[PDB]
Amino acid sequence: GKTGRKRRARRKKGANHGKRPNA
Amino acid sequence: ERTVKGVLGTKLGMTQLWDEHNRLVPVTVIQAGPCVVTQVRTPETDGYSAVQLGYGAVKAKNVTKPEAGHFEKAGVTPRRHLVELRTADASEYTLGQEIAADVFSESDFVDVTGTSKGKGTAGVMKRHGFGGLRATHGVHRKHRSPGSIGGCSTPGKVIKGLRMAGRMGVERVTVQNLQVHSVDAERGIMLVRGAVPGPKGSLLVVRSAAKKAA
Amino acid sequence: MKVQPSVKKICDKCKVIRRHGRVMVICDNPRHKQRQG
Amino acid sequence: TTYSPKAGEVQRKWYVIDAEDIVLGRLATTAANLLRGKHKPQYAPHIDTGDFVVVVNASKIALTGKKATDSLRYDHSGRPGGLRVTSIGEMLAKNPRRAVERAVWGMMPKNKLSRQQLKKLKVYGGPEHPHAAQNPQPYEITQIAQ
Amino acid sequence: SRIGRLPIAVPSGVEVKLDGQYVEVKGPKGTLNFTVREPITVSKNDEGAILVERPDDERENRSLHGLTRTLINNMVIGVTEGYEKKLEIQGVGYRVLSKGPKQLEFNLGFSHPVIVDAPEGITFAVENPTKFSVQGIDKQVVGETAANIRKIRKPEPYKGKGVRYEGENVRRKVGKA
RNA sequence: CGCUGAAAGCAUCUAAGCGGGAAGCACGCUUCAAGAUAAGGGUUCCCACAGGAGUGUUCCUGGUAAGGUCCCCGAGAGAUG
RNA sequence: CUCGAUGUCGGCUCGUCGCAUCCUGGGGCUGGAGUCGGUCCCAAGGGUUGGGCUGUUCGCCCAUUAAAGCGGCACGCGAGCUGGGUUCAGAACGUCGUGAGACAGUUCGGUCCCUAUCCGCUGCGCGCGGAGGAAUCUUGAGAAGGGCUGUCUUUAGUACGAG
RNA sequence: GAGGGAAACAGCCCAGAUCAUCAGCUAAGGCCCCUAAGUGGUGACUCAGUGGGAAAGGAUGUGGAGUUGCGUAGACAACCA
Ligand SMILES: [Mg+2]
Ligand SMILES: [Mg+2]
Ligand SMILES: [Mg+2]
Ligand SMILES: [Mg+2]
Ligand SMILES: [Mg+2]
Ligand SMILES: [Mg+2]
Ligand SMILES: [Mg+2]
Ligand SMILES: [Mg+2]
Ligand SMILES: [Mg+2]
Ligand SMILES: [Mg+2]
Ligand SMILES: [Mg+2]
Ligand SMILES: [Mg+2]
Ligand SMILES: [Mg+2]
Ligand SMILES: [Mg+2]
Ligand SMILES: [Mg+2]
Ligand SMILES: [Mg+2]
Ligand SMILES: [Mg+2]
Ligand SMILES: [Mg+2]
Ligand SMILES: [Mg+2]
Ligand SMILES: [Mg+2]
Ligand SMILES: [Mg+2]
Ligand SMILES: [Mg+2]
Ligand SMILES: [Mg+2]
Ligand SMILES: [Mg+2]
Ligand SMILES: [Mg+2]
Ligand SMILES: [Mg+2]
Ligand SMILES: [Mg+2]
Ligand SMILES: [Mg+2]
Ligand SMILES: [Mg+2]
Ligand SMILES: [Mg+2]
Ligand SMILES: [Mg+2]
Ligand SMILES: [Mg+2]
Ligand SMILES: [Mg+2]
Ligand SMILES: [Mg+2]
């Protein structure tokens, strides 16, 4: 799903270091 | 940008005629009375080309000082109504010029503009042609209801422009491509084949047909 | 014209070009016309 | 106590920028800075200390790449199917003032004061402006080294 | 740009004015004008020829080099000799006639005859009811006019009927074998 | 679908450029519209009142002009406005 | 996530959106003689019927039509309607159980309500402002509506085709 | 488990709030404007708004580094037998 894909891809932001709650 | 001929009149009513093919034609009778050019609008001073026409019989005690001064500058007697005609040939019009129904010939197509008859607050079934509910089969106090007016939690709202009840009538309506049946200028009568908006006695603007003809 | 993600030369006279950002195959034989899409 | 301007204490001036062949982004950033008065040591966010900006030749604003036909601007009337879209090139050709105001407003904070200050931006697509009485001084977009 | 690096020989009676980026070409047949793209310059090479120079050996430099060389050569060869294109019509009932050098009338099996106007630099010349030609001083304009005349009724792959180029290799098949 | 045309001595609808090309896009037609607080424009009318405080006059009271409303008779209008 | 309640099928009414286009518009390739077709692109402006059967969705059928599109919106829409289906207490049949009873087996019968506070939306006023107070006529930033299509005649029995 | 960063965003990153301070230095993250600080310096690459979502597969996109065949015994194209 689009929402799931965006949620998973949000972990690629700079301040996060490849990790994010709920992937 | 378009060159338009025009005149002002009053809706006197309707009757019927028989044309040369022995066809019954409904005709509206418009007292396309004498109109006077009260003001000419030019791009230099106003920014667009149009001609302001007068028309109307007015009582001398019902014309105020600003209106009286406007008519005095125009050089004409005061008129009740003032309506503009957006024409690209406004210049050819001189201040105080006389305009009569004979500006239209026996077979010109015209567009007639007037304010429609009012109906007050109308229901959906009348002002929008809504099919209501049935009269029987358990319909519960909603025989003339508008039905649903939206969806659900999405969009949890009523979309803008939904047709619901409101006040209908009294609005600018233009009916196009009406073929003038006859013009008798010596008494200012115009017979126009068709039905034009507004009650009897309303003001009508008769202009040359924008789309020329059918 | 065939619109396919995979466009290839079919005959020896077909020519592969890049027109307006799209890969196309132009040939004298009209059957071989192709465009990526 | 830190200094704070008092209403009409800071005197607001009039600048004029010739948008001739100047990138829209640089023009908008410069206009926003001038309108908010960020170049003044008397700056204060809560009091309008900026200057009036008159932009001329907005129809000749430079755009890079394929922006003139691929960079789109959208408006919505608030009703279903009420979207209109026009490219920035068409908008610069037709209503350049709208384009420049949109850019500057987007770059300016979202405030009641910012709404008030955006009225100080006078954008004209041609080379002539009617504010000779206000006597705008020419402003040159420059950079400070290092 | 192997094409571009070759020079352009100005012929007799041809006036080539290189006013910087903008260039005028006068000749017996008429006048043409053209602006070269900015990273390309043009020189006279002892006033008897034309040279175009790419300032760098990149792609756009070489591409505009070849383009400008070919296009300047085209304008000079046009003003010294012109441009000619021969169009022939096949199929019964198809005819072409001339109401002047710049006015053609086609009966290409349509309901009614069709009228073709020419631009100022385009002049027609018909010699046969089934063969005609177009001439001018601009190669691009002549080519597009011929293309439009063909587009009026392009050849078919059944009986060739249609306006075709003189050397056009029109394809053909058979339906009701 | 094209024209001219290189990069790539050719070719190529394309890289420079130009032309055609749909009930779609934007207009054309109709209607609303300056609360468009950016509050527009034309034309016309009325006019430098009076009395106080005053602190550049400021501002607050009072009678008017042009004009308008209330009230009354109505409808071509209208739930009431 | 909600069990100190987020009412669950189909129709009615009212729409709106997507395009993965049913018709109408345009174009390639085939083709295809023509006439037609079929397929890969474009394209969502408008239009997209009435009935028989069944609670039905679905589906089949009748008669049309340019066509009878596919989907989203709490399988749109019950503080809008419908209660035929579903899922209460009655009863019967079949099956199961020693029995009380059970059955996404079947059958007949079978209660709901709401004066709209807020947002939303359709209309209509009052106020204040528009740097004097007024009267009239206006510009249009911007907004909305509208956008369907057939048959016949003619070109012409012309083009095409062996007919 | 407040504070800073992640647009917002218990679980990610920085960092553990004794109170006051209109002092200074930093962390993560940042320095065109929103938004505090560089429209920083120098050298390359990209022209897809890639950057600012995705596969098998496909493609004379473009820069750079090889290996190798042929080539002024005259190569590859273009043009005459
Ligand atoms: Mg999926
Ligand atoms: Mg009924
Ligand atoms: Mg009842
Ligand atoms: Mg809500
Ligand atoms: Mg070619
Ligand atoms: Mg070609
Ligand atoms: Mg509760
Ligand atoms: Mg599509
Ligand atoms: Mg539809
Ligand atoms: Mg649309
Ligand atoms: Mg079924
Ligand atoms: Mg639907
Ligand atoms: Mg449902
Ligand atoms: Mg509900
Ligand atoms: Mg029941
Ligand atoms: Mg129930
Ligand atoms: Mg029995
Ligand atoms: Mg038993
Ligand atoms: Mg029952
Ligand atoms: Mg109610
Ligand atoms: Mg408008
Ligand atoms: Mg608005
Ligand atoms: Mg802890
Ligand atoms: Mg924390
Ligand atoms: Mg945070
Ligand atoms: Mg935060
Ligand atoms: Mg520091
Ligand atoms: Mg750091
Ligand atoms: Mg903020
Ligand atoms: Mg720099
Ligand atoms: Mg930099
Ligand atoms: Mg892309
Ligand atoms: Mg992207
Ligand atoms: Mg990828």
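The basis for the numbers below is simple: all heavy atoms, side chains too, and nothing from hydrogens, waters or symmetry mates. Just so it is clear: chains get the letters A, B, ... in the order the sequence lines come, proteins before strands, and each one is counted from 1.
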* From H:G49, G:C29, G:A159, nucleotide with atom closest to D:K66 side chain ->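 The listed nucleotide nearest to D:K66's side chain is H:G49.
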In terms of side-chain geometry, is the basic nitrogen of [X] or [Y] positioned less than 4.0 Å from the acidic oxygen of its partner?
| X | Y | answer |
| --- | --- | --- |
| B:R207 | B:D111 | no |
| E:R54 | E:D57 | yes |
| C:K15 | C:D28 | no |

* Which residues within residues 149-159 of chain E lie with some heavy atom under 4.0 Å of an atom in RNA chain G? ->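 Output list: E:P157, E:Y158, E:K159.
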* Asked: What about F:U55 and F:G2: are they a Watson-Crick or G-U wobble pair, with both distances under 3.5 Å?
  ->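 Verdict: no pairing.
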* **Nucleotide forming a Watson-Crick or wobble pair with G:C137, both distances under 3.5 Å** =>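 Its partner is F:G41 (Watson-Crick or G-U wobble, both distances under 3.5 Å).
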* **Base partner of G:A116, which must satisfy Watson-Crick or wobble distances under 3.5 Å** =>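 The base-pairing partner of G:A116, which may sit in any strand shown, does not exist here.
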* Polar side-chain contact A:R10-H:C9 base: donor and acceptor under 3.5 Å ->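 Between H:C9 and A:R10, which were checked side chain against base, a qualifying N/O pair under 3.5 Å is absent.
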Which protein N or O atoms sit under 3.5 Å from an N or O of nucleotides 50-59 of chain H?
residue : atom : partner : partner atom : Å
H:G53   : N2   : A:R5    : NE           : 3.3
H:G58   : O2'  : C:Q36   : NE2          : 3.2

* Gap in Å between the two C1' atoms, one belonging to G:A33 and one to G:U24, rounded ->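 Nearest-Å result for G:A33 against G:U24 at atom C1': 28 Å.
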* Crowding at CZ, E:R172 (>12 non-hydrogen neighbours, <6.0 Å) ->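 Yes.
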